[PDB]
Number of protein chains: 2
Amino acid sequence: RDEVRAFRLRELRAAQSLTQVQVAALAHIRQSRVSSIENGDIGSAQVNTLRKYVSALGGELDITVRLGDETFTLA
Amino acid sequence: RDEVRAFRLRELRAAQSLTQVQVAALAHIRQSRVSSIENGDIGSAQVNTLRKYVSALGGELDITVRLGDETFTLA
């Protein structure tokens with residue numbers, strides 16, 4: 001469900017070995033929202049929020065719409 | 001531009017003969033959001049809301065984190 005997702009985000013921070021608070025301020029994000037996404041939430045977060053989280057921990061967040069044969073980019 | 005991204009979305013909707021008002025009802029999303037997320041405010045868009053919309057256009061929204069060459073899926 002979201003457990004898989006949660007673990008997809010939890011390890012971005014674990015790899016830098018930073019706490020949830022360190023990151024909220026490294027990415028400039030409410031620690032509440034930071035914790036919510038680490039828990040496989042994400043549906044209630046601005047794309048921006050999510051991007052910052054991932055950028056902060058050295059990744060590139062790519063948002064795409066796949067329709068039929070081809071796909072389109074949003075981020 | 002993040003306004004060309006969203007204008008690509010406007011055309012997907014239009015090609016399927018749906019007005020913003022219909023799209024709204026279809027994904028149970030406030031019509032106010034759809035106009036903006038169609039005016040290019042993707043960053044500000046709440047993820048699930050943007051999920052809800054892209055599917056009322058018959059699409060899969062696809063969120064992944066690119067690290068090195070390898071990329072990992074969230075949505």
# chains A, B, ... in the order shown; residues from 1 in each chain; ligands from 1

call {"tool": "calpha_fit_rmsd", "arguments": {"fixed": "chain A", "moving": "chain B"}}
result
0.9 Å

call {"tool": "interface_residues", "arguments": {"of": "chain B", "to": "chain A", "cutoff": "9 Å", "atoms": "only C-alpha atoms", "output": "count of residues only"}}
result
32

call {"tool": "closest_residue", "arguments": {"among": "B:56, B:19, B:1, B:10", "to": "residue 37 (chain B)", "atoms": "only C-alpha atoms"}}
result
B:10

call {"tool": "select_by_dssp", "arguments": {"residues": "chain A", "states": "alpha helix (DSSP H)", "output": "VMD selection string"}}
result
chain A and resid 3 to 14 20 to 26 31 to 38 47 to 56

call {"tool": "write_last_selection", "arguments": {"atoms": "C-alpha atoms", "output": "JSON list (two decimals), in the first residue's frame"}}
result
[["chain", "number", "residue", "atom", "x", "y", "z"],
["A", 3, "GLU", "CA", 4.32, 1.09, 3.47],
["A", 4, "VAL", "CA", 6.37, 0.46, 0.27],
["A", 5, "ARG", "CA", 6.15, 4.19, -0.54],
["A", 6, "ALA", "CA", 6.99, 5.19, 3.09],
["A", 7, "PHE", "CA", 10.14, 3.03, 2.90],
["A", 8, "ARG", "CA", 10.97, 4.58, -0.51],
["A", 9, "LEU", "CA", 11.12, 7.99, 1.25],
["A", 10, "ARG", "CA", 12.48, 6.94, 4.73],
["A", 11, "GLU", "CA", 15.80, 5.68, 3.17],
["A", 12, "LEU", "CA", 16.53, 8.98, 1.43],
["A", 13, "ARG", "CA", 17.15, 10.52, 4.82],
["A", 14, "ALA", "CA", 18.55, 7.40, 6.51],
["A", 20, "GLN", "CA", 13.48, 14.09, 10.91],
["A", 21, "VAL", "CA", 14.01, 17.57, 12.41],
["A", 22, "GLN", "CA", 17.40, 18.21, 10.77],
["A", 23, "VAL", "CA", 15.69, 17.49, 7.40],
["A", 24, "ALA", "CA", 12.50, 19.61, 7.90],
["A", 25, "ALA", "CA", 14.84, 22.58, 8.27],
["A", 26, "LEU", "CA", 17.32, 21.45, 5.66],
["A", 31, "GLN", "CA", 8.22, 18.78, 10.50],
["A", 32, "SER", "CA", 4.56, 17.72, 10.63],
["A", 33, "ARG", "CA", 4.41, 17.41, 6.86],
["A", 34, "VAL", "CA", 7.90, 15.85, 6.77],
["A", 35, "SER", "CA", 6.80, 13.11, 9.20],
["A", 36, "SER", "CA", 3.51, 12.60, 7.34],
["A", 37, "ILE", "CA", 5.22, 11.84, 4.03],
["A", 38, "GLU", "CA", 7.91, 9.55, 5.56],
["A", 47, "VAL", "CA", 4.39, 18.60, -5.19],
["A", 48, "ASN", "CA", 6.77, 21.45, -4.12],
["A", 49, "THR", "CA", 6.96, 20.10, -0.53],
["A", 50, "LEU", "CA", 7.78, 16.63, -1.84],
["A", 51, "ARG", "CA", 10.36, 18.02, -4.32],
["A", 52, "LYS", "CA", 12.20, 19.95, -1.56],
["A", 53, "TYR", "CA", 12.28, 16.80, 0.66],
["A", 54, "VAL", "CA", 13.89, 14.81, -2.15],
["A", 55, "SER", "CA", 16.18, 17.68, -3.39],
["A", 56, "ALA", "CA", 17.30, 18.27, 0.22]]

call {"tool": "select_by_dssp", "arguments": {"residues": "region 24-72 of chain A", "states": "strand (DSSP E)", "output": "PyMOL selection string"}}
result
chain A and resi 60-66+71-72

call {"tool": "write_last_selection", "arguments": {"atoms": "N, CA and C atoms", "output": "PDB file, in the first residue's frame"}}
result
ATOM      1  N   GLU A  60      16.341  13.755  -7.447  1.00  0.00           N
ATOM      2  CA  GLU A  60      15.671  14.564  -8.502  1.00  0.00           C
ATOM      3  C   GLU A  60      14.280  13.935  -8.622  1.00  0.00           C
ATOM      4  N   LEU A  61      13.219  14.656  -8.247  1.00  0.00           N
ATOM      5  CA  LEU A  61      11.837  14.110  -8.246  1.00  0.00           C
ATOM      6  C   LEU A  61      11.194  14.482  -9.566  1.00  0.00           C
ATOM      7  N   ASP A  62      10.772  13.449 -10.284  1.00  0.00           N
ATOM      8  CA  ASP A  62      10.315  13.495 -11.686  1.00  0.00           C
ATOM      9  C   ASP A  62       8.843  13.085 -11.676  1.00  0.00           C
ATOM     10  N   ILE A  63       7.947  13.981 -12.077  1.00  0.00           N
ATOM     11  CA  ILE A  63       6.477  13.700 -12.104  1.00  0.00           C
ATOM     12  C   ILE A  63       6.023  13.619 -13.550  1.00  0.00           C
ATOM     13  N   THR A  64       5.422  12.497 -13.946  1.00  0.00           N
ATOM     14  CA  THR A  64       5.041  12.172 -15.347  1.00  0.00           C
ATOM     15  C   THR A  64       3.585  11.721 -15.398  1.00  0.00           C
ATOM     16  N   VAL A  65       2.891  12.022 -16.484  1.00  0.00           N
ATOM     17  CA  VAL A  65       1.549  11.474 -16.790  1.00  0.00           C
ATOM     18  C   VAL A  65       1.712  10.480 -17.928  1.00  0.00           C
ATOM     19  N   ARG A  66       1.324   9.229 -17.736  1.00  0.00           N
ATOM     20  CA  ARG A  66       1.407   8.198 -18.787  1.00  0.00           C
ATOM     21  C   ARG A  66      -0.004   8.009 -19.306  1.00  0.00           C
ATOM     22  N   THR A  71       4.290   9.138 -22.733  1.00  0.00           N
ATOM     23  CA  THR A  71       4.190   9.782 -21.411  1.00  0.00           C
ATOM     24  C   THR A  71       4.593  11.251 -21.522  1.00  0.00           C
ATOM     25  N   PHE A  72       4.112  12.097 -20.609  1.00  0.00           N
ATOM     26  CA  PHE A  72       4.405  13.551 -20.584  1.00  0.00           C
ATOM     27  C   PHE A  72       4.956  13.933 -19.213  1.00  0.00           C
TER      28      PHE A  72
END

call {"tool": "decode", "arguments": {"residues": "region 10-43 of chain A", "atoms": "N, CA, C and O atoms", "output": "PDB file, in the first residue's frame"}}
result
ATOM      1  N   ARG A  10      11.693   7.041   3.459  1.00  0.00           N
ATOM      2  CA  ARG A  10      12.475   6.937   4.728  1.00  0.00           C
ATOM      3  C   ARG A  10      13.989   6.755   4.508  1.00  0.00           C
ATOM      4  O   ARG A  10      14.764   7.300   5.317  1.00  0.00           O
ATOM      5  N   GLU A  11      14.389   6.024   3.463  1.00  0.00           N
ATOM      6  CA  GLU A  11      15.801   5.675   3.166  1.00  0.00           C
ATOM      7  C   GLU A  11      16.516   6.816   2.464  1.00  0.00           C
ATOM      8  O   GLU A  11      17.705   6.678   2.233  1.00  0.00           O
ATOM      9  N   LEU A  12      15.808   7.869   2.086  1.00  0.00           N
ATOM     10  CA  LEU A  12      16.530   8.980   1.429  1.00  0.00           C
ATOM     11  C   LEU A  12      17.267   9.714   2.537  1.00  0.00           C
ATOM     12  O   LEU A  12      18.396  10.127   2.328  1.00  0.00           O
ATOM     13  N   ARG A  13      16.625   9.779   3.678  1.00  0.00           N
ATOM     14  CA  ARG A  13      17.155  10.519   4.825  1.00  0.00           C
ATOM     15  C   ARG A  13      18.097   9.618   5.587  1.00  0.00           C
ATOM     16  O   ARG A  13      19.142  10.076   5.971  1.00  0.00           O
ATOM     17  N   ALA A  14      17.707   8.372   5.778  1.00  0.00           N
ATOM     18  CA  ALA A  14      18.546   7.404   6.507  1.00  0.00           C
ATOM     19  C   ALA A  14      19.937   7.365   5.893  1.00  0.00           C
ATOM     20  O   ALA A  14      20.883   7.360   6.627  1.00  0.00           O
ATOM     21  N   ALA A  15      20.045   7.448   4.577  1.00  0.00           N
ATOM     22  CA  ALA A  15      21.354   7.379   3.900  1.00  0.00           C
ATOM     23  C   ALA A  15      22.241   8.556   4.280  1.00  0.00           C
ATOM     24  O   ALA A  15      23.422   8.395   4.259  1.00  0.00           O
ATOM     25  N   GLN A  16      21.683   9.721   4.567  1.00  0.00           N
ATOM     26  CA  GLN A  16      22.505  10.857   5.025  1.00  0.00           C
ATOM     27  C   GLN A  16      22.655  10.763   6.539  1.00  0.00           C
ATOM     28  O   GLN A  16      23.477  11.486   7.072  1.00  0.00           O
ATOM     29  N   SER A  17      21.858   9.913   7.175  1.00  0.00           N
ATOM     30  CA  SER A  17      21.864   9.683   8.633  1.00  0.00           C
ATOM     31  C   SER A  17      21.595  11.002   9.342  1.00  0.00           C
ATOM     32  O   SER A  17      22.414  11.393  10.133  1.00  0.00           O
ATOM     33  N   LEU A  18      20.449  11.614   9.041  1.00  0.00           N
ATOM     34  CA  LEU A  18      19.971  12.902   9.595  1.00  0.00           C
ATOM     35  C   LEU A  18      18.651  12.648  10.300  1.00  0.00           C
ATOM     36  O   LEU A  18      17.970  11.737   9.903  1.00  0.00           O
ATOM     37  N   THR A  19      18.282  13.461  11.276  1.00  0.00           N
ATOM     38  CA  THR A  19      17.002  13.182  11.952  1.00  0.00           C
ATOM     39  C   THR A  19      15.872  13.853  11.205  1.00  0.00           C
ATOM     40  O   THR A  19      16.124  14.634  10.333  1.00  0.00           O
ATOM     41  N   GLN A  20      14.655  13.557  11.606  1.00  0.00           N
ATOM     42  CA  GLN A  20      13.476  14.095  10.914  1.00  0.00           C
ATOM     43  C   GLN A  20      13.462  15.598  11.063  1.00  0.00           C
ATOM     44  O   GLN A  20      12.926  16.247  10.223  1.00  0.00           O
ATOM     45  N   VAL A  21      14.010  16.101  12.148  1.00  0.00           N
ATOM     46  CA  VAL A  21      14.014  17.575  12.413  1.00  0.00           C
ATOM     47  C   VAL A  21      15.094  18.261  11.590  1.00  0.00           C
ATOM     48  O   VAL A  21      14.809  19.285  10.962  1.00  0.00           O
ATOM     49  N   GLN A  22      16.312  17.743  11.658  1.00  0.00           N
ATOM     50  CA  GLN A  22      17.402  18.211  10.770  1.00  0.00           C
ATOM     51  C   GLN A  22      16.833  18.430   9.361  1.00  0.00           C
ATOM     52  O   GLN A  22      17.076  19.464   8.777  1.00  0.00           O
ATOM     53  N   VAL A  23      16.074  17.481   8.839  1.00  0.00           N
ATOM     54  CA  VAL A  23      15.690  17.495   7.402  1.00  0.00           C
ATOM     55  C   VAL A  23      14.634  18.578   7.167  1.00  0.00           C
ATOM     56  O   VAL A  23      14.778  19.342   6.155  1.00  0.00           O
ATOM     57  N   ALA A  24      13.613  18.638   8.038  1.00  0.00           N
ATOM     58  CA  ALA A  24      12.501  19.607   7.903  1.00  0.00           C
ATOM     59  C   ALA A  24      13.087  21.001   7.695  1.00  0.00           C
ATOM     60  O   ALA A  24      12.449  21.837   7.021  1.00  0.00           O
ATOM     61  N   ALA A  25      14.226  21.246   8.315  1.00  0.00           N
ATOM     62  CA  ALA A  25      14.839  22.585   8.268  1.00  0.00           C
ATOM     63  C   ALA A  25      15.879  22.607   7.173  1.00  0.00           C
ATOM     64  O   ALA A  25      16.219  23.657   6.702  1.00  0.00           O
ATOM     65  N   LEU A  26      16.327  21.446   6.741  1.00  0.00           N
ATOM     66  CA  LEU A  26      17.322  21.451   5.656  1.00  0.00           C
ATOM     67  C   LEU A  26      16.576  21.683   4.354  1.00  0.00           C
ATOM     68  O   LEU A  26      17.159  22.235   3.443  1.00  0.00           O
ATOM     69  N   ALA A  27      15.319  21.263   4.315  1.00  0.00           N
ATOM     70  CA  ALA A  27      14.439  21.372   3.146  1.00  0.00           C
ATOM     71  C   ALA A  27      13.468  22.529   3.308  1.00  0.00           C
ATOM     72  O   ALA A  27      12.850  22.842   2.324  1.00  0.00           O
ATOM     73  N   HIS A  28      13.385  23.113   4.502  1.00  0.00           N
ATOM     74  CA  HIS A  28      12.424  24.190   4.851  1.00  0.00           C
ATOM     75  C   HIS A  28      11.030  23.625   4.665  1.00  0.00           C
ATOM     76  O   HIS A  28      10.406  23.973   3.708  1.00  0.00           O
ATOM     77  N   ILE A  29      10.558  22.862   5.637  1.00  0.00           N
ATOM     78  CA  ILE A  29       9.264  22.156   5.505  1.00  0.00           C
ATOM     79  C   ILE A  29       8.726  21.929   6.906  1.00  0.00           C
ATOM     80  O   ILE A  29       9.516  21.708   7.770  1.00  0.00           O
ATOM     81  N   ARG A  30       7.420  21.977   7.121  1.00  0.00           N
ATOM     82  CA  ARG A  30       6.929  21.754   8.498  1.00  0.00           C
ATOM     83  C   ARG A  30       7.302  20.331   8.894  1.00  0.00           C
ATOM     84  O   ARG A  30       7.077  19.454   8.102  1.00  0.00           O
ATOM     85  N   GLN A  31       7.843  20.138  10.082  1.00  0.00           N
ATOM     86  CA  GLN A  31       8.216  18.776  10.500  1.00  0.00           C
ATOM     87  C   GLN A  31       6.969  17.910  10.463  1.00  0.00           C
ATOM     88  O   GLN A  31       7.088  16.732  10.231  1.00  0.00           O
ATOM     89  N   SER A  32       5.811  18.507  10.677  1.00  0.00           N
ATOM     90  CA  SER A  32       4.564  17.719  10.633  1.00  0.00           C
ATOM     91  C   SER A  32       4.455  17.116   9.249  1.00  0.00           C
ATOM     92  O   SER A  32       4.380  15.905   9.135  1.00  0.00           O
ATOM     93  N   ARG A  33       4.553  17.954   8.224  1.00  0.00           N
ATOM     94  CA  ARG A  33       4.407  17.413   6.856  1.00  0.00           C
ATOM     95  C   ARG A  33       5.547  16.464   6.564  1.00  0.00           C
ATOM     96  O   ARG A  33       5.240  15.473   5.938  1.00  0.00           O
ATOM     97  N   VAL A  34       6.759  16.763   7.026  1.00  0.00           N
ATOM     98  CA  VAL A  34       7.903  15.848   6.770  1.00  0.00           C
ATOM     99  C   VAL A  34       7.520  14.498   7.323  1.00  0.00           C
ATOM    100  O   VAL A  34       7.481  13.629   6.570  1.00  0.00           O
ATOM    101  N   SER A  35       7.149  14.405   8.586  1.00  0.00           N
ATOM    102  CA  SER A  35       6.797  13.107   9.198  1.00  0.00           C
ATOM    103  C   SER A  35       5.679  12.447   8.417  1.00  0.00           C
ATOM    104  O   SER A  35       5.751  11.265   8.227  1.00  0.00           O
ATOM    105  N   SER A  36       4.646  13.200   8.076  1.00  0.00           N
ATOM    106  CA  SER A  36       3.514  12.600   7.338  1.00  0.00           C
ATOM    107  C   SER A  36       4.017  11.908   6.082  1.00  0.00           C
ATOM    108  O   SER A  36       3.675  10.776   5.887  1.00  0.00           O
ATOM    109  N   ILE A  37       4.819  12.567   5.265  1.00  0.00           N
ATOM    110  CA  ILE A  37       5.216  11.840   4.028  1.00  0.00           C
ATOM    111  C   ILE A  37       6.095  10.621   4.303  1.00  0.00           C
ATOM    112  O   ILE A  37       5.893   9.641   3.642  1.00  0.00           O
ATOM    113  N   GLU A  38       7.019  10.675   5.245  1.00  0.00           N
ATOM    114  CA  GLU A  38       7.906   9.546   5.558  1.00  0.00           C
ATOM    115  C   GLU A  38       7.032   8.362   5.896  1.00  0.00           C
ATOM    116  O   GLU A  38       7.493   7.251   5.824  1.00  0.00           O
ATOM    117  N   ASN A  39       5.804   8.629   6.286  1.00  0.00           N
ATOM    118  CA  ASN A  39       4.919   7.529   6.733  1.00  0.00           C
ATOM    119  C   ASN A  39       4.105   7.002   5.561  1.00  0.00           C
ATOM    120  O   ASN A  39       3.070   6.411   5.807  1.00  0.00           O
ATOM    121  N   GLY A  40       4.551   7.254   4.336  1.00  0.00           N
ATOM    122  CA  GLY A  40       3.830   6.798   3.142  1.00  0.00           C
ATOM    123  C   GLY A  40       2.569   7.601   2.970  1.00  0.00           C
ATOM    124  O   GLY A  40       1.593   7.051   2.514  1.00  0.00           O
ATOM    125  N   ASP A  41       2.566   8.849   3.405  1.00  0.00           N
ATOM    126  CA  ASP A  41       1.323   9.611   3.185  1.00  0.00           C
ATOM    127  C   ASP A  41       1.369  10.162   1.774  1.00  0.00           C
ATOM    128  O   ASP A  41       0.761   9.506   0.932  1.00  0.00           O
ATOM    129  N   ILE A  42       1.941  11.356   1.574  1.00  0.00           N
ATOM    130  CA  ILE A  42       2.170  12.023   0.256  1.00  0.00           C
ATOM    131  C   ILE A  42       0.915  12.580  -0.425  1.00  0.00           C
ATOM    132  O   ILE A  42       1.004  13.643  -0.973  1.00  0.00           O
ATOM    133  N   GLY A  43      -0.214  11.898  -0.412  1.00  0.00           N
ATOM    134  CA  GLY A  43      -1.387  12.404  -1.126  1.00  0.00           C
ATOM    135  C   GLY A  43      -1.814  13.772  -0.677  1.00  0.00           C
ATOM    136  O   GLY A  43      -2.452  14.445  -1.460  1.00  0.00           O
TER     137      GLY A  43
END
